[PDB]
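2 protein chains.
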Amino acid sequence: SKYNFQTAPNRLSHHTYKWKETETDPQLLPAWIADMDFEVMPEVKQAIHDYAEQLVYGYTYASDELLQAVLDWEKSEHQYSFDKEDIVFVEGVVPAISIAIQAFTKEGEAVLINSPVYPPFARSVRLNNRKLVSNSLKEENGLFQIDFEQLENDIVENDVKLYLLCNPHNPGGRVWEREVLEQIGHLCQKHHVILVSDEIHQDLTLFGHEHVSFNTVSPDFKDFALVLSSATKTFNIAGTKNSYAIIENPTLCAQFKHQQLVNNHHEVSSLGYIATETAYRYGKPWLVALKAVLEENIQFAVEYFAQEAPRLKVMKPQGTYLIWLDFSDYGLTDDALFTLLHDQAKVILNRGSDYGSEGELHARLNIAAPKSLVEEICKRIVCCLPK
Amino acid sequence: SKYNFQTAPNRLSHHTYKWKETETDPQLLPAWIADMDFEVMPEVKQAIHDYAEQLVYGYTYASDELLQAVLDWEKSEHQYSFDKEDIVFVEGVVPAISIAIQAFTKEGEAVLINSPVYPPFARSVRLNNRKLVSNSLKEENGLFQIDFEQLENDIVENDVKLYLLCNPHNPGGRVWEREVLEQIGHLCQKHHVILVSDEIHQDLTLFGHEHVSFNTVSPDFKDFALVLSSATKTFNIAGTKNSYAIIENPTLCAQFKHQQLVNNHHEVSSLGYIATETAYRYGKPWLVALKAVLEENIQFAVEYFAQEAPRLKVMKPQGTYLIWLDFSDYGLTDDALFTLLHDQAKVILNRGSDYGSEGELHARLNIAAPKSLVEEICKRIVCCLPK
Ligand SMILES: Cc1ncc(COP(=O)(O)O)c(CN[C@@H](CO)C(=O)O)c1O
Ligand SMILES: Cc1ncc(COP(=O)(O)O)c(CN[C@@H](CO)C(=O)O)c1O
Ligand code: NA
Ligand code: NA
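So the protein lines, in turn, are chains H and G.
Quick note on UniProt numbering: the first sequence kicks off at 2 and runs consecutively.
Quick note on UniProt numbering: the second sequence kicks off at 2 and runs consecutively.
See the structure below:
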């Protein structure tokens, strides 16, 4: 218990998204947006104090030490070896997604996602005036799976140019096996599709599930695929605004960097650089401790819901700290479910329908909070469900 | 008991752009990129420490207190009154310029600048595949002036859609009079041109020169013009990454915000928000003290160069902390001037030619450093100039 996973810091004065509603209605307990109600690792807090003590807060660049820290993290944690020149810093992963869409496709061309998925995927495609192709995931034995026949159909019928892959997949928390990723890659090679693998949850695979970074699947995958990740989801530092793309293919790397500069989206803040380097240098023990806490919270929620709401269908995450809940067996509409949870149960969960039509009558639950808070949130979710 | 403008914090370990070359060649003295070698106001330092003590560094948004701080600053310092909903935060001004180009013009359409000017102006136009129209500034009696006859010709002959205005103008530090701004505005009305006024140096007008913010010139100007500014240049906090657009016209504001979201360039870091609010709420006395130091440094440089290098033509800034130096009386090429300053004099100044063809044989000198450092830099500049 060296690190504090037992007590949530009070965030009410910090202008957070997560606790905003609670500031007006103190009864509301938020468990929606993916940041954590855990204190950040102490080395990052110290690094922010140390930044203050620089005294001058001018223009800074991404250092060789930061580049090496990213290289070292990827090698040590994900067995992914590349060169410092392959790293492109971006203030966030969602920014990187828009840059990729703009760099690798033209207006009107088709971009494929596996639905239901993180809403900025569909939004970034549509707002960019690209054609969205939603490849609907199957649900079998409590897990999402890809229908590869329909995936190929979706690619061919729509002349898909870009595939935005989520790995681990949010929502659901699906940690794709190497064999699944290999089939995806072969389809991209066949049909000349560029693949962007959003691996922001890569450090949060649980219960023995192992993240397989996309370009580690086959040595040639870097010819068409790039990887996005960050320290921010792993270490709860989203407000520091830094992330990266690993782009080993020279042409793809130049294309991305060019579009990033066209958009004047090439700079990152000083603390963005500092916090990522610090997290990667010092964060491993904290991450190990976090993952044990997350596993306990998830197991608790699954068992509690099984006992108190056996009609509630719970997808057990293989990774991420987010649980996908299916209220389909209840006599509720999508809107009535939202009103029930928010107004009667006083719990704020993400509306599943935000993620696509497959999310109708679902909600997403964030369990990256102390066990006592998770216990209360689960109690509230089961309190008011209709007979 | 008073603010420190006498000693410069050591920056060699902070991965700064400004001191980067000096990290490898200790002989080199930088006076190029516009950040200051002055300690930032103490309250911003404290705000960074306070941010560390939030303990959780998750997702945040722009608070009503920050919005009010910007409103209050704009009203009290620039007599510019508008509503909180007119403010759009962007991680930087150069980001905002690209968003504006993309939002308000189509590919192939013409964008006008007054050359020579801050290089990202020309770059952002060119990289965006817009046609660049450079309206060349006159130089008369040591000051840049607009040729309004040619400006109108440039607008009409090229069907200009967007005018990127720099006010105060960098380089040269020209603080455009109200009457000059009114003539520009009237041309934009006549010819249906949208105008973006980059007023990042607005708080740094000197020697009795007063900034006139563009939309304060006429109540009609908001129909076609928006204002970009920031706390970063004023208060030496560029690394914190926040700035704003004031867009009073509903259509222009929606267009800008839409494009910002298309580009996923809508979020700002938590410290970005914090540092700007803090600077505006506590910064005025520091700024008053700064301006006295800057005037002293500029006066020193002008007089020193007048004695030690009478052939060197020095444009005295009306604002900004940057001096535009003209070496055209010397038997030098643009390349030879750069080599002389950098390799013999051991000083790093911005290359004038970066700013446009009018900057050939020029260099830009940054005097926002302690007087003792400025004295040394000036001594170096005059040491090795050829007969
Ligand atoms: C697949 C994926 N890609 C990107 C991000 C966020 O990226 P950014 O913070 O780097 O922009 C998230 C976090 N998503 C959070 C925050 O919105 C959530 O509530 O789901 C994500 O799940
Ligand atoms: C007219 C103008 N607009 C914008 C900026 C910087 O804007 P940003 O840092 O907010 O993107 C500057 C600072 N310019 C610095 C940093 O490059 C200089 O050395 O000139 C500027 O002079
Ligand atoms: Na659908
Ligand atoms: Na020119």
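Don't be surprised by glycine CBs; every beta carbon is placed ideally from N, CA and C.
Subject >> Cutoff 6 Å; reference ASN129(H); Cβ partners in own chain excluding five residues on either side >> reply: Within the first sequence, numbered from 1, the residue matching residue 129(H) stands at position 128. If we look at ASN129(H) and ignore the five residues flanking it on each side, its Cβ neighbours are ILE102.
Original post:
Per DSSP, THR206(H) is paired with what?
Top reply: Taking the first residue of the first sequence as 1, we reach residue 206(H) at position 205. The partner list for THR206(H) (beta bridge, DSSP) reads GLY320(H).
Original post:
Of the residues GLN203(G), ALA70(G), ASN250(G), which one's Cα is nearest the Cα of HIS170(G)?
Top reply: Position 169 of the second sequence, counted from the start, is the residue given in the question as residue 170(G). Nearest option by C-alpha distance: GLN203(G).
**OP:** Can you tell me which of the three DSSP states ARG131(H) falls into?
**Re:** Counted from its first residue, the first sequence places residue 131(H) at position 130. Coil at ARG131(H), not helix or strand.
Original post:
Which runs of the alpha helix (DSSP H) spanning at least 4 residues fall entirely within the region 112-163 of chain G, listed in chain order?
Top reply: 120-128, 149-158
Original post:
By Cβ distance below 6 Å, which residues in the same chain neighbour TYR52(G) in space, the five residues on each side in sequence not counted?
Top reply: On the second sequence, residue 52(G) is found 51 positions in, with the first residue counted as 1. If we look at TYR52(G) and ignore the five residues flanking it on each side, its Cβ neighbours are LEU272, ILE275.
Original post:
Looking at the unbroken beta strand (DSSP E) that takes in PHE90(H), where does it start and where does it end?
Top reply: Taking the first residue of the first sequence as 1, we reach residue 90(H) at position 89. Looking at the DSSP string, the run of the beta strand (DSSP E) that includes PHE90(H) is 88-91.
**OP:** State yes or no: is the beta carbon of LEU333(H) nearer than 7 Å to at least one beta carbon in chain G?
**Re:** Counting from one through the first sequence, the residue named residue 333(H) turns up at place 332. It does not; no Cβ of chain G falls within 7 Å.
Original post:
Does DSSP put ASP36(G) in a helix, a strand or coil?
Top reply: Taking the first residue of the second sequence as 1, we reach residue 36(G) at position 35. Here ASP36(G) sits in coil by DSSP.
Subject >> Contact shell at 7 Å, judged by CB to any heavy atom of ligand 4, ordered along the chain >> reply: Here the list is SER116(G), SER135(G), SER137(G), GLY357(G), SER358(G), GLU359(G).
Subject >> Classification of residue 1(H) by the beta-carbon crowding that lies within 10 angstroms, buried from 16 upward >> reply: The structure shown does not extend to residue 1(H), since chain H is modelled only from 2 to 388, so the question has no answer here.
Original post:
Within 7 Å (strictly less), CB to CB, does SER231(G) reach chain H?
Top reply: Here residue 231(G) is taken as the residue at index 230 of the second sequence, counted from 1. Taking Cβ atoms only, chain H never reaches closer than 7 Å to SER231(G), which makes this a no.
Original post:
What is the rounded straight-line gap between the Cα of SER125(H) and the Cα of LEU262(G)?
Top reply: Reading the first sequence from its first residue, position 124 is the one you call residue 125(H). Reading the second sequence from its first residue, position 261 is the one you call residue 262(G). C-alpha separation (whole angstroms): 9 Å.
**OP:** Scan the region 183-198 of chain H for residues whose Cβ lies nearer than 8 Å to a Cβ of chain G and list them as they occur along the chain.
**Re:** none
**OP:** Keeping to the same chain, check which residues put their C-beta closer than 7 Å to that of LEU350(H); ignore five residues upstream and five downstream.
**Re:** Numbered from its first residue, the first sequence carries residue 350(H) at position 349. Only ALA32, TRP33, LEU342, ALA364, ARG365, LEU366 meet the Cβ criterion.
Original post:
Would you say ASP355(G) touches ligand 2, meaning its beta carbon is less than 6 Å from a heavy atom?
Top reply: On the second sequence, position 354 is the one that residue 355(G) refers to. No, ligand 2 has no heavy atom inside 6 Å of this Cβ.
**OP:** Let me know if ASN216(G) comes out buried or exposed under the rule of 16 or more other beta-carbons within 10 Å of its beta-carbon.
**Re:** Taking the second sequence and counting its residues from 1, one reaches residue 216(G) at position 215. Classification of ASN216(G): buried, given that the 10 Å Cβ count is 16 or more.
Original post:
Is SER270(G) near ligand 2, going by C-beta to nearest heavy atom under 6 Å?
Top reply: Within the second sequence, the letter at position 269 stands for residue 270(G). No, Cβ of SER270(G) sits at least 6 Å from all heavy atoms of ligand 2.
Original post:
Given that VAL95(H) touches chain G, what residues does it touch there, using C-beta distances under 7 Å?
Top reply: Here residue 95(H) refers to the residue found at position 94 of the first sequence. Correct list: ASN265.
Original post:
DSSP puts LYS388(G) in a beta bridge; with which residues?
Top reply: The residue given as residue 388(G) occupies position 387 in the second sequence. DSSP, once it has assigned bridges, lists no residue as partnering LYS388(G).
Original post:
DSSP puts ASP327(H) in a beta bridge; with which residues?
Top reply: Working through the first sequence from its first residue, we reach residue 327(H) at position 326. According to DSSP, which records beta bridges pairwise, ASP327(H) is partnered with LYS314(H), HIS363(H).
**OP:** Please report how far the alpha carbon of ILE238(G) lies from the alpha carbon of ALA293(H), in whole angstroms.
**Re:** Locating residue 238(G) in the second sequence gives position 237, counting from the first residue. Locating residue 293(H) in the first sequence gives position 292, counting from the first residue. About 40 Å.
Subject >> Inter-residue CB distance, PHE105(G) and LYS162(G) (contact presumed, cutoff 8 Å) >> reply: By 1-based counting over the second sequence, the position of residue 105(G) is 104. By 1-based counting over the second sequence, the position of residue 162(G) is 161. Right, the Cβ-Cβ distance comes to about 7 Å (below 8 Å), so this counts as a contact.
Subject >> Short CB-CB distance (under 7 Å) between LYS242(G) and chain H >> reply: If you number the second sequence from 1, residue 242(G) lands on position 241. So, interface residue.
**OP:** Return the residues of the region 51-84 of chain H that lie within a Cβ-Cβ distance of less than 7 Å from chain G, sorted by chain order.
**Re:** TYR52, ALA53, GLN55, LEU56, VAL57, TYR58, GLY59, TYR60, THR61, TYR62, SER64
Original post:
Can you list, in chain order, the stretches of the beta strand (DSSP E) that have 3 or more residues and sit fully within the region 165-207 of chain H?
Top reply: 195-199
Subject >> Alpha-carbon to alpha-carbon, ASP355(H) and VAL176(H) >> reply: Taking the first sequence and counting its residues from 1, the one referred to as residue 176(H) is at position 175. Taking the first sequence and counting its residues from 1, the one referred to as residue 355(H) is at position 354. Roughly 21 Å separates the two Cα atoms.
Subject >> Proximity test, Cβ basis, 7 Å: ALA239(H) and chain G >> reply: For the purposes of this step, residue 239(H) is taken as the residue at position 238 of the first sequence. It does: the Cβ of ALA239(H) has a partner Cβ on chain G nearer than 7 Å.
Subject >> Option in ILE324(H), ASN298(H), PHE328(H) with minimal Cα separation from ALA310(H) >> reply: Here the question's residue 310(H) lines up with position 309 in the first sequence. Closest by alpha carbon: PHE328(H).
Original post:
Quick one: is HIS202(H) near chain G, going by C-beta distance under 7 Å?
Top reply: Locating residue 202(H) in the first sequence gives position 201, where the first residue counts as 1. Chain G contact via Cβ: absent.
Original post:
Going by beta carbon distance, what residues of the same chain come within less than 7 Å of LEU13(G), once the five residues before and after it are set aside?
Top reply: For the purposes of this step, residue 13(G) is taken as the residue at position 12 of the second sequence. The residues are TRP20, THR23, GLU24.
**OP:** Determine which residues share a DSSP beta bridge with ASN351(H) and list them.
**Re:** To locate residue 351(H), count along the first sequence from 1; it is residue 350. Looking at the DSSP assignment, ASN351(H) forms a beta bridge with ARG365(H).
Subject >> 7 Å Cβ cutoff, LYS46(G) in contact with chain H >> reply: Start at 1 with the first residue of the second sequence, and residue 46(G) comes out as number 45. At least one chain H Cβ lies under 7 Å of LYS46(G).
Original post:
Of all the alpha helix (DSSP H) runs that stay within the bounds of the region 240-276 of chain H, which reach a length of 4 or more residues?
Top reply: Listed in chain order, they are 251-263.
**OP:** Might you give, ordered along the chain, the residues of its own chain that have their beta carbon closer than 6 Å to the beta carbon of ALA290(G), omitting 5 neighbours on each side?
**Re:** Residue numbering aside, residue 290(G) sits at position 289 when the second sequence is read from its first letter. Taken in chain order, the residues that qualify are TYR4.
**OP:** Take the Cβ of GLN319(H) as the centre, count every other Cβ of all protein chains shown within 10 Å, and call the residue buried at 16 or more, exposed below.
**Re:** Residue 319(H) sits at position 318 when you count from the first residue of the first sequence. That one is buried.
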